[PDB]
Structures are given as C-alpha cells and as structure tokens.
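S.K.:
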Amino acid sequence: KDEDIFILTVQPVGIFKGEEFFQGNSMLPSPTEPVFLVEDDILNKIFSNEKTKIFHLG
Amino acid sequence: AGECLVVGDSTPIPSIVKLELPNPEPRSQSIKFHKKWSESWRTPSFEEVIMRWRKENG
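Chains A and B, in that order, give the protein sequences.
Heads up, the first sequence is in this note's numbering, so the first residue is 1 and it goes up one at a time.
Heads up, the second sequence is in this note's numbering, so the first residue is 1 and it goes up one at a time.
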C-alpha cells in the first residue's frame, strides 16, 4: 500500500569506546542515530590484534 | 570471569559478586600449546626411564 519499509534487526556484540573493542550488551543507542556500516580498519583491530600467539585460519 | 553465584541460606538475595584478585594466586596447572610448539624441536637425550611406566604398577 505504497509504504516503503526497510527494517533490519541487529544485535549488539560489543562497543568501540576510544580506540579499543570491549564486549557486552550495554549502552543502548538512542533513537534517530546514524549507522555507518563497517570498515576494515576497525575489523582488523578486533580480529588480528597484535600478539605473538596468533594462528591464521582464513 | 571472576564472578560466582552465592546461593544459600546466609544471604537475603543470592547474587553474582565481583570477587577481587587473590594475593598470592595459587599454582596454575595450564600448558600453552602454540608457544611450546613455536620453539624448535625438543631433543631429549634418551635416558629412557620407562620404569616410570613400568614399576608404577601398585
């Protein structure tokens, strides 16, 4: 009935306070708040990190 | 991590508590796999004391 609706259901898995990633389901964002996709710059910091004990698996 | 369920008759509300870090901390029976593998091959001289396996039968 001429009603363009595009609704996504997402679940928080962490926070990016500062420049480091913390886990936890807290700090609910207020309504009318931007969503900005994800860039590889923050994904690398979450996953690769920097430590001797690493193991590549894809 | 570091929190426990204190459920019993000695509390009015059984709750989860943020226990502080013990001092001094006990012995940790943990073996880390990759760092030991990261070193070169362990070359054991063969004193061949399998009497560990043998004589410890009773």
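For each residue, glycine too, the CB sits at the ideal point set by N, CA and C.
(1) Within the stretch 23-56 of chain B, note down every full alpha helix (DSSP H) run reaching 4 residues or more, in order along the chain.
(2) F55/A touches chain B at which residues, Cβ-Cβ below 8 Å?
(3) State yes or no: is the C-beta of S26/A within less than 9 Å of the C-beta of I42/A?
(4) For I46/A, I'd like the list of residues in its chain whose CB is within less than 8 Å of its CB, leaving aside the five on either flank, ordered along the chain.
(5) Could you tell me the alpha carbon to alpha carbon distance between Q23/A and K17/A, rounded to whole angstroms?
(6) In three-state terms, what does DSSP make of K1/A?
M.R.: This is what the structure holds:
(1) 33-38, 51-55
(2) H34
(3) no
(4) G14, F21
(5) 10 Å
(6) coil
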